[PDB]
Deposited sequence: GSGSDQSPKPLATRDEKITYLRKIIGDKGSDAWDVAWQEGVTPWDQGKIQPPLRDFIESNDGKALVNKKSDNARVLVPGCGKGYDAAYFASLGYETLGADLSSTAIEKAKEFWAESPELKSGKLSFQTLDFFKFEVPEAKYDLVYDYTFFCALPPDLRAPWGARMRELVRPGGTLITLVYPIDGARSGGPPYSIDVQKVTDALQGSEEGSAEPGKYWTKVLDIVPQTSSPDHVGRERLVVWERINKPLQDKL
């Protein structure tokens, strides 16, 4: 019942079952990551002018992908802004949980918001790709040997000139624990760039962070270049 127990039990299935351990933890209720809401830094950036420039540039077909959406809080936020948003998670339970949590959302009924059980590493990239991708508590969930494929998949999922927002969390330092892995902007930079493929347009410390997130989180905005 203790959070530390739930993390220890979670890290035990990931060692025994691997990627299939995520749907196991979702249906078993062991979801110590679920905060019920989007992180404040995401809203403040979008409502800022540095973020406004992206929301006003938004075309009438701007597509947003939220890998590892969980219950799809961030995905529902981007749909509320007018984006054709897709929430993708490996767990079919989580996708079913997101569809209940946002059942009354006008965007789920209209189709702007969509929740699908997809594999970030396996699903077919749409031809038009994605104008924006948001990664929170997904890169830090992947084991270290999957970060390079993560950045490789991000290079093809984001269209040229598109945006990849990465809320780097948790920035805990030398903590060698499993999920959630301690990450920094450097680890995200190495995975994304294999000035090769991306441009770090913004790297900021969020003004309004969750209290447990203070000092362990940075919002980084990447642009896909040629």
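The chain's deposited sequence has unresolved stretches at 1-11, 206-213, 246-252, with no C-alpha coordinates there.
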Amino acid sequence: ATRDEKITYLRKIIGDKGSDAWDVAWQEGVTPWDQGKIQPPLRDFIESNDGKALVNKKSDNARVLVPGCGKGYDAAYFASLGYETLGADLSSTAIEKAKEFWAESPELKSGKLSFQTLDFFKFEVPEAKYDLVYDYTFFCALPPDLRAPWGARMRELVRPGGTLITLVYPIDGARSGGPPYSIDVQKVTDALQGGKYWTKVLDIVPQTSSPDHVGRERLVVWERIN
From here on, numbers count along this sequence of modelled residues.
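Take the two forms, superpose them, and find the largest set of C-alpha atoms that agree within 1.5 Å; that set is the rigid core.
Note on 160-168 and 175-183: with rigid core alignment, C-alpha atoms in 5 other deposited structures of this protein sit farther from this form for 175-183.
Taking the PDB entry as given, 46-54 carries the higher mean Cα B factor of the two stretches 167-175 and 46-54. Taking the mean C-alpha B-factor of each stretch as recorded, 106-114 and 67-75 are not equal, and the higher mean is that of 106-114. Between the residues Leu142, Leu132, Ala98, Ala128, it is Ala128 that shows the highest Cα B-factor in the PDB record. Highest CA B-factor among the listed residues (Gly36, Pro41, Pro32, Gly195): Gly195. Among the modelled residues of its chain, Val185 has a C-alpha B-factor that falls in the lowest third according to the deposited record. For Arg218, the recorded CA temperature factor ranks within the lowest third of the chain's modelled residues. Sort the modelled residues of the chain by CA B factor and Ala25 lands in the middle third.
Ranked within its chain, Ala62 lands in the highest third, by CA B factor from the PDB record.
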